[PDB]
Protein chains: 6
Amino acid sequence: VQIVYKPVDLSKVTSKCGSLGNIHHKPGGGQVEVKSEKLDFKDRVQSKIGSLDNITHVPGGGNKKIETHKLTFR
Amino acid sequence: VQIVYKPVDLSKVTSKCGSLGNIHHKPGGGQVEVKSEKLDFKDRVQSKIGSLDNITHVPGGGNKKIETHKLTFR
Amino acid sequence: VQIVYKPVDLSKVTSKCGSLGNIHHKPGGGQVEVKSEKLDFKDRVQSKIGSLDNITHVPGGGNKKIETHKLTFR
Amino acid sequence: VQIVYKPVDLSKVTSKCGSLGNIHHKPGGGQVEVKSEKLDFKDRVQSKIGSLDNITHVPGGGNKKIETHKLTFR
Amino acid sequence: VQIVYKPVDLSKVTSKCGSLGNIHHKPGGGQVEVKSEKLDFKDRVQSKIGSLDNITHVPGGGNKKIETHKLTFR
Amino acid sequence: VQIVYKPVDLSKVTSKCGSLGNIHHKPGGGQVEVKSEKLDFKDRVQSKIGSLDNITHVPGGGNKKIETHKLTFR
């Protein structure tokens, strides 16, 4: 029995940009009220109960190569 | 039994951009009220119960390459 | 039994863009009330119960090559 | 010339109420822009431009009594 | 020329109430912009530009008696 | 010329209340911007520009009594 695993990667996940200033992020207020009486969370749980979340995201080259090379043998 | 696994990737997941400024994100307020009693979450749950979430997302190059090379053998 | 697996990729998942500014995102207020007595969630659940979510997305190159190379032998 | 002025009032402008109860006011706020270059207001101008106003007004007795007595002799 | 002025008032402008109870006021506040340039106002001008105003008014008796007696003689 | 001025008032502008109770005021505050370059206000100009105002007003007896007696003789 034999197994061979040689994934080759020569990829070039890259960016070019000019001037990037003058980004204004200016939230107002907000008011968040929560009760939570009897929660149970198990394994890979990703949870918000209450939220009032403000995001400015400006990567100037936001490129995302994503891979997975799962092999299984039984 | 012989297995030979050799993915190859030369990909140029890339961007070029000019001047990327003058972005204004100016969210107002918000009022979030939550009650939550007997919540039970398992295995892989991604959840929001009460949200008021604001996003400005300006990649300048939003390129995704997403892959999955799942091999299984019995 | 023998197996050979050689997926090649030479792609240019790419963008070019000029000046990319003058993006205004100005969410108002909003008001979210939630009660939840007896939620029960298992496996790959993606849930919003109450939400008031605002997105401005401006990728300058919003390309998404997406693949899957599932192989099985049983 | 004499002139006599003897107005009488006994107005029982009353109210009775029970319990002023479960009054909720929960506005999810809007979004406004105004661009008024030129405006020219003279005398009793009672004015609103680009308003987004929410009123709850819950008297235990809304009893206005308006009585604009006037006399002129020339 | 005599002139006799003797107004009389005995007004029970009264009120009665039970408990003033579970009054909740919960604004999720808005977003506003006002780019005015060259405004001009003279005398009793009563003015709002670009408002986003929230009111709960809950008097145990809003019993507004108003009695604007005027006399003018030449 | 005589002129006599003897206005009488006995107005019992009273109120009675039980418990002023569970009053909650919970604004999640908004966002405001103003750019007023030139303004020219003269005499009794009552003015607001770009307001975002939240009022809870809970008298146990809102009993206004306005009685603007006036006399002029020329």
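If you go along the chain as it appears here, the first residue is 1 and each next one adds 1.
Going by what the header records, the deposited coordinates were determined by electron microscopy, 3.2 Å.
Cβ atoms are placed via backbone N, Cα and C, with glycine included.
For the residues A:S11, A:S19, Swiss-Prot attaches the annotation phosphoserine to A:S19, which does not rule out the feature elsewhere.
Residue annotated by Swiss-Prot as glycation site (from the set A:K42, A:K65): A:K42.
Classification of A:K6 (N6-acetyllysine) by DSSP places it in coil, neither helical nor stranded. Nearest by CA distance to A:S47 (phosphoserine), out of the modified residues A:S19, A:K26, A:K38, A:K64, is A:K38. For A:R44 (omega-N-methylarginine), the Cβ neighbour count at a 10 Å cut-off comes to 12, with all displayed protein chains included. Long-range contacts of the repeat 'Tau/MAP 4' (A:32-63) within its own chain (CB-CB distance under 8 A, at least 6 residues past either end) are made by residues 13-17, 20, 23, 25. Using a 10 Å radius centred on the Cβ of A:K70 (site 'Not glycated') and all shown protein chains, the other Cβ atoms total 10. Highest local Cβ density among the modified residues A:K38, A:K64 belongs to A:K64, counted as other Cβ atoms within 10 Å over all protein chains shown. Here A:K26 (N6-acetyllysine) is compared against the recorded positions A:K6, A:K38, A:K48, A:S51, and the shortest C-alpha distance is to A:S51.
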